[PDB]
Participant: 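Below: one structure in structure tokens.
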Amino acid sequence: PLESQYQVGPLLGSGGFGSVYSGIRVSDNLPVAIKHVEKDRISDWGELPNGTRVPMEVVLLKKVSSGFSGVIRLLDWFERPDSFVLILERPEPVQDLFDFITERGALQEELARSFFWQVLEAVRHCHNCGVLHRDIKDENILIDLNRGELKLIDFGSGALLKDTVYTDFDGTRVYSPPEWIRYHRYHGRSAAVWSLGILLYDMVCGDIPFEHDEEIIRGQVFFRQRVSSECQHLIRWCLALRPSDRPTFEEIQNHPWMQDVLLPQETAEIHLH
Ligand SMILES: FC(F)(F)c1cccc(-c2nnc3ccc(NC4CCCCC4)nn23)c1
């Protein structure tokens, strides 16, 4: 029984993803998050080896298991008459990247590098496990303030990774690629790299580069903040108009701007504590 083994706390937020509450496992006081999703609003369903129909996020979070702390952990899930309830890991103290950027403004490159690097390791893990997130953005990134470790969250718009074209999409438009905007077609990896380019720009400039569809398809990048030449280069590369012109994950991590990243704990001590 859900309501029994978990003590519900205040509402942390709600929106397209549903409603998320703070909570604690009555068992051992472990802090958790309780996410409720209405059955009538599920964009993509999946099936487990059982044959049980469930929200994609459940299938996806089960596929990316491992002590790897770069991806939020799914502790348990329950099905209700008209909804599903997911019990997720909850770091404390924590702050999503969006709020962090909002309060601090553009991030120093050293910090942005550490954060971007951890996001890349997390995405590579998902891909290696056959999982495509499809909604990479600051709002979907949690920061474990004490350890300086980032967690990718909300795989509700994700899908199993495939080598063929995707014609469906329910992620965030301003983070979606030109090919999706113009043709409603995109491939997994190259689309992910574009969103990562949007994310990196967001980190070093304090806001996203494109607002309107016309800007996304034109892909002309203008820096409103002082950004190094090497960082500018990596960003423009990730945002290449032609999908095949974008760097692979390996190329991104071997890029000059990505060398000598700080360790998570060093990151916390220098920029978070
Ligand atoms: F940290 C936290 F909140 F306990 C937590 C822990 C683990 C997972 C999830 C989770 N899974 N999906 C979504 C979609 C949106 C969203 N938005 C929040 C993000 C923080 C601030 C309040 C709104 N969280 N989320 C949230």
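Numbering of ligands and ligand atoms starts at 1, following listing order. Numbers for residues simply follow the sequence, beginning at 1.
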Participant: Group every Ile, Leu, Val, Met, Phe, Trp and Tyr by side-chain heavy-atom contacts under 4.5 Å, then state whether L88 and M56 land in the same group.
Facilitator: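 Linked, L88 and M56 end up in one cluster.
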Participant: Test your reading of the model: is there a side-chain donor-acceptor pair from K162 to the backbone of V165, 3.5 Å cut-off?
Facilitator: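 Yes, the answer is positive, given that a donor and an acceptor are paired below the 3.5 Å cut-off.
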Participant: Would you call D213 and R173 a salt bridge, taking side-chain N to carboxylate O under 4.0 Å as the test?
Facilitator: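 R173 and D213: salt-bridged.
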Participant: Using only atom types and a distance under 3.5 Å, with no angle test, would you say the side chain of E109 pairs donor to acceptor with the backbone of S228?
Facilitator: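 Flag set: sc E109 to bb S228 pair under 3.5 Å.
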Participant: What are the polar N/O contacts of ligand 1 with the protein below 3.5 Å, with distances?
Facilitator:
from	atom 1	to	atom 2	distance (Å)
ligand 1	12 (N)	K35	NZ	2.9

Participant: Hey, is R134 close enough to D168 for a salt bridge, meaning N to O under 4.0 Å?
Facilitator: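 Answer for the salt bridge query: yes.
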Participant: Rounded to the nearest 0.5 Å, how far does CZ of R224 lie from CZ of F222?
Facilitator: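 Answer for the CZ-CZ pair, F222 versus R224, is 8.0 Å.
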